[PDB]
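Two forms of a single protein chain come next, each set out by itself as structure tokens; they are called structure 1 and structure 2.
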Structure 1
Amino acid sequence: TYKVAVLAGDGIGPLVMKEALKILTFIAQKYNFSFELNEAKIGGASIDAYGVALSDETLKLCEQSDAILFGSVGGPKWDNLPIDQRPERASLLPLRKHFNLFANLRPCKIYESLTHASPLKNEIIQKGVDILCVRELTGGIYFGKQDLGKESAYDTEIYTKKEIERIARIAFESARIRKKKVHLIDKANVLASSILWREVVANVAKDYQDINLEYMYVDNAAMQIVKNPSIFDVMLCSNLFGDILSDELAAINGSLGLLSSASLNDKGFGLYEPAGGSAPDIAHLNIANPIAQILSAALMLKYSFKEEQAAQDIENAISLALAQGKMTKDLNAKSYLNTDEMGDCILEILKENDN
């Protein structure tokens, strides 16, 4: 059994989660493995029931699971609580800390059928953009010693070998099952901490002689994402640099509703969620794009459960659905499918290819 804590949350979360569960249920059937999918409240849902955004019983469920499939949290009903009790701050941050989720993986794949929605000219991306941004979450400038004075202020970009090594291993493991290339993004021509990155990564790379390792400065990487992004496979970044480039990658993608995120530790545990936010203003309708949630469930199969073919099947189903013109309102305003119709479309493609 693969034990999944399903925390769908608020607003569109339960509605899009229903579609991901539909797809995973089929996948477990096809591959003859079992899911235990324990749904539990998180966020606003949990504040209503239990008075807090993350209950002890829900935390313990997560500890007993192999991964967390997370929806979205937050909405107007709870916007008036004390800041520290509000759904998002009180759910995701403590989970990341509890489970030492030090690595964020955000794919940037541009689907041939949605090339028009990228802000980049079609000729720039025509070879195919398929990138994975791997960002360290625990180290560097966001956590180093800092001081605000009246006349002077500083912050400290500090990293350890332990921090670099564990994120580097995540990146190479990804590259192994993608296109076998890692670009280490740094500023080694001036930063001592970037020099340490290169030393540690080059040493980790000895275990991964099948992977092509390249180094690129963060300023050149900001250029290349605009000028020639098809070269990238895995992009390994520090916390600060990843925070910047992951947004740039989102921007070149063009289809925000398809973007997913995995926050992983070093033991195969992850929290998998759509990149986008709540969408309270469409929560009562049946139009939200479920593809990001479904793609989060694929990432969970690939990275927490090592069910690579199952993941691939889901991804190929989405590619084919989009290639057939089957899309939600955010992707095609003139001709679209409702959330449940989109889920069913994907399911049917999975069944059509199950021979």
Structure 2
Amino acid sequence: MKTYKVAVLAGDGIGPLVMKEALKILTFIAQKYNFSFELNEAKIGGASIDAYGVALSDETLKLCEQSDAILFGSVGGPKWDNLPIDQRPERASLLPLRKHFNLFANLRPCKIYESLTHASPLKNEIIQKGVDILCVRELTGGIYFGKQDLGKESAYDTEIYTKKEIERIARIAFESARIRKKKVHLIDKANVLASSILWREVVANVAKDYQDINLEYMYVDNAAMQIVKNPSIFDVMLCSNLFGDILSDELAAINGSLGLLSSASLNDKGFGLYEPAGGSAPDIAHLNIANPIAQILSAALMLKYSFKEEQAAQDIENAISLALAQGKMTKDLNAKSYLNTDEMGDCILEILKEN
């Protein structure tokens, strides 16, 4: 009986709330496909600062190194916002976990359920053409980490990429498109940036190994228009760290349902950190209304990309698809009639049992 070790870092605010549902779902589907989890809980972020004085402790970091994946909640809150900037929960948890496990690829899905057309800020006619996009963002390179300097009269940052960096994120994009609708858009600014011309060179060469995939190119400025005017053309969108950061946020916006958005941050060895894309939501941390679907979908991405448990993952995604299409939703999705956090989780679990 194969056992998967998960480091569960629920974090702050709604984190521990939504996590409870994700673990309920994981424990069930584990048992249904006859594998087991060792779900190992540790403090991260605000909770860790209150306990150990640091957002990320050595004991938590060691647990992560001993695990196969990190299932991650949300970190941050007003209690901890008077700390110096570099010690705040968000900054001091995630950046070091990414560097330390070499999490260079960030995968952000944007698939708008037919049920939730109305929640998008785009007119329904644009959304009805069908929106199912995977943003693949290079996560540890580029301008955020290049040589920088802050002067009294002059300051600079450097957008630097190596071939190796570009290749490894490009492959994950091509691998993804191969089992989706066979299309990658590379988003860059190749009309003016040297780094972008390299991107094109290295990605055109990776594309030669993937004859099933149609590779297209689009400047970041045109992409920003396109995500609003006609997002149905995208399948997989491959972006640098900065352009992906900007455009995954725009995607989150046209999607409409923040509580549904998931995220995977992966290395090249099957290891990943999986989390809701939305933050800690302190406004509602004291209530029982947080949408747990993001976190649950994150757990499904975990199942796929780290444990190669594709049926388990697909069950969980189907069950959320069905629950929504039956009108069973949390407050952020339907203001007038809604389930509480634990009822939604229970609804999903109920749905999974019938199969």
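Under this definition, the rigid core comprises the largest set of C-alpha atoms superposing within 1.5 Å between the forms. Residues are numbered by position in structure 1's sequence, first residue being 1.
Hinge assignment between structures 1 and 2, with options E36, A311, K77, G257: the rigid parts meet at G257.
If you fit the larger rigid part between structures 1 and 2 on its C-alpha atoms, the smaller part is left turned by 15 degrees. For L148, the Cα shift between structures 1 and 2 is 6.6 Å when the rigid core is held fixed in the overlay. Core-based alignment between structures 1 and 2 gives a C-alpha movement of 1.2 Å at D48.
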